[PDB]
Amino acid sequence: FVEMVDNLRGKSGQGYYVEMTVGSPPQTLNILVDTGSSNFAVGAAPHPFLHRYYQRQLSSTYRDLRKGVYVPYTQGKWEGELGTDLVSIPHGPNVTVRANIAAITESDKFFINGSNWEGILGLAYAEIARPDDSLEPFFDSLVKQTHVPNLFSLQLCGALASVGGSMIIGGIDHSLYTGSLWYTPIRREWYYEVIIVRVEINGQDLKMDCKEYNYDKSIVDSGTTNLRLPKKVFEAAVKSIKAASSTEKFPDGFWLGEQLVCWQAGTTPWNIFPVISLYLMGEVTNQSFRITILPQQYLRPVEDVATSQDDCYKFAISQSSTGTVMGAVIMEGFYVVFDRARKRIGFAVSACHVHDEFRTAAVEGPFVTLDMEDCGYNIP
Ligand SMILES: Nc1nc2ccc(Oc3ccccc3)cc2c[n+]1[C@@H](CNC(=O)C1CCCCC1)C1CCCCC1
């Protein structure tokens, strides 16, 4: 509803976070909202990059599960002790839940200097929870212990500059989007998986086996900044993007995200960059719809070198070895409904998306698409 509107804050490229309390009495922490993971973890010991932490010994409702958890990732990792405790979301539904909490005791390159978050809130399914799927994810405890409907939605506005947005727990707020909401099935409940059935750059079909678009998997992830495409898809998109923007040449570091591009203030030539469209498998047979983002979405604003004058941007579309990842770049143009009860994901044009007087992000349908089921990938 209304109280929840505007409850999301953050640092550009550092993640969107919500305020939560834990323990009795209530210990306040800022928690990162992550649809790309399934554990509820918080700093539970002093840390150079932490302004505060979870002090388990100060909580009367704290119960030790006497179990441990180890989460290692590409570069770095976190580790901690499991237990339960009461948990609330001050600017969310008026309810208190007993949930699992991983008390982060050790970490390597996990917390980010100046991010303002002290923990993570995984909203994905139990399948990808750590240690195993037996550790009930927090949103699963929410729905079980209360009458909060099994659904939530995200409006990431982003427009280091601080960002904002809103997480609506248990419902939909028509005031956060324009047009109609189009839904695509959640292929399988682990990540928030979907199926891309076609890709177009500047109206031109990327023309390639749709299976390539979901090579390994396609997931909607708020815990990722970029729009990550599988290698082959990436190279094809970057090529198509250069062709459309050809009127102006840019260095190879740009396309690789290794360097930024600057223009005289308020002079960015958006019109030279093309719109991008992802077609998603619909709910009705042989039916698809498309979401369309602008350069205002994939060109993310960064701070220059020393200077501040010019308007500097980094190409926020990067290569992937882990499938298509629809991160903040895709999410910031849309109001996204994570309808867990009806096993689907809704997309509508975001009332806060950044655009101009010529174009606007879009969500359209339906389109006739055959064998969209074949677009999904399966292990050998
Ligand atoms: N959503 C998402 N949560 C994750 C959550 C936790 C995690 O353990 C770590 C992460 C960094 C260091 C040590 C351990 C990895 C994740 C990976 N993901 C995405 C990548 N993002 C990130 O690592 C951010 C998340 C928030 C914190 C900074 C790191 C994946 C999802 C699958 C496709 C590939 C990208």
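Chain A is numbered as in Swiss-Prot; shown residues: 60-218, 228-448, in order.
Cβ atoms are placed via backbone N, Cα and C, with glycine included.
Per Swiss-Prot, active site is recorded for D93 (among others), and the stated evidence type is sequence analysis. Listed in sequence order, the residues of the same chain lying 6 or more apart from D93 (active site) and placing their CB within less than 8 Å of its CB are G74, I179, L180, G181, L182, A183, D289, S290, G291. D93 (active site) falls within a strand segment according to DSSP.
The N6-acetyllysine annotation in Swiss-Prot covers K126 (among others). Packing around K126 (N6-acetyllysine) is summarised by its Cβ count: 13 other Cβ atoms lie within 10 angstroms of its Cβ, all protein chains included.
Residues or ranges marked as N-linked glycosylation site in Swiss-Prot (evidence: sequence analysis): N153 (among others). In the three-state DSSP classification, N153 (N-linked glycosylation site) falls within coil.
The N-linked glycosylation site annotation in Swiss-Prot covers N172 (among others). Listed in sequence order, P107, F108 are the same-chain residues six or more apart from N172 (N-linked glycosylation site) with CB atoms under 8 A from its CB.
Here Swiss-Prot flags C216-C420 (among others) as disulfide bond, drawing on experimental evidence. The secondary structure of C420 (disulfide bond), as reduced to three states from DSSP, is coil rather than helix or strand. Under a cutoff of 8 A between CB atoms, and with a sequence separation of 6+ in the same chain, the neighbours of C420 (disulfide bond) are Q214, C216, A218, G233, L244.
For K275 (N6-acetyllysine), other Cβ atoms within 10 Å of its Cβ number 10. DSSP classifies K275 (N6-acetyllysine) as coil under the three-state reduction. What Swiss-Prot records for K275 (among others) is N6-acetyllysine.
Swiss-Prot lists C278-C443 (among others) with the feature disulfide bond. Less than 8 angstroms from the CB of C443 (disulfide bond) sit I263, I264, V265, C278, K279, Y281, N282, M349, each of them six or more residues away in the same chain.
The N6-acetyllysine annotation in Swiss-Prot covers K279 (among others).
Marked as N6-acetyllysine by Swiss-Prot on the basis of experimental evidence: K285 (among others). Around the Cβ of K285 (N6-acetyllysine), a 10 Å sphere holds 19 further Cβ atoms from the protein chains shown.
What Swiss-Prot lists as active site is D289 (among others), and the listing cites sequence analysis.
Around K299 (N6-acetyllysine), the same-chain residues six or more apart in sequence whose CB sits under 8 Å from its CB are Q387, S388, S389, listed in sequence order. The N6-acetyllysine annotation in Swiss-Prot covers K299 (among others) and is backed by experimental evidence.
DSSP assigns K300 (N6-acetyllysine) to a helix. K300 (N6-acetyllysine): 14 other CB atoms within 10 A of its CB, across all protein chains. According to Swiss-Prot, the feature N6-acetyllysine maps to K300 (among others).
The annotation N6-acetyllysine is assigned in Swiss-Prot to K307 (among others) on the grounds of experimental evidence. Taking the Cβ of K307 (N6-acetyllysine) as centre and 10 Å as the limit, one finds 12 other Cβ atoms among all the protein chains shown.
Positions annotated as disulfide bond by Swiss-Prot, on the basis of experimental evidence: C330-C380 (among others). Around the Cβ of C380 (disulfide bond), 20 further Cβ atoms fall within 10 Å across all displayed protein chains.
Residues or ranges marked as N-linked glycosylation site by Swiss-Prot: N354 (among others). The secondary structure of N354 (N-linked glycosylation site), as reduced to three states from DSSP, is coil rather than helix or strand. Note: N354 (N-linked glycosylation site) has non-local neighbours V436, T437, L438, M440, i.e. same-chain residues 6+ apart with C-beta under 8 A of its own C-beta.
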Residues among the recorded positions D93, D289, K300 that border ligand 1 - Cβ under 6 angstroms, in sequence order: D93, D289
Nearest of the modified residues (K275, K300, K307) to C380 (disulfide bond), judged by Cα-Cα distance: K307
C330 (disulfide bond) to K275 (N6-acetyllysine) - Cα separation in whole Å: 32
Rounded distance in angstrom between the Cα atoms of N153 (N-linked glycosylation site) and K285 (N6-acetyllysine): 36
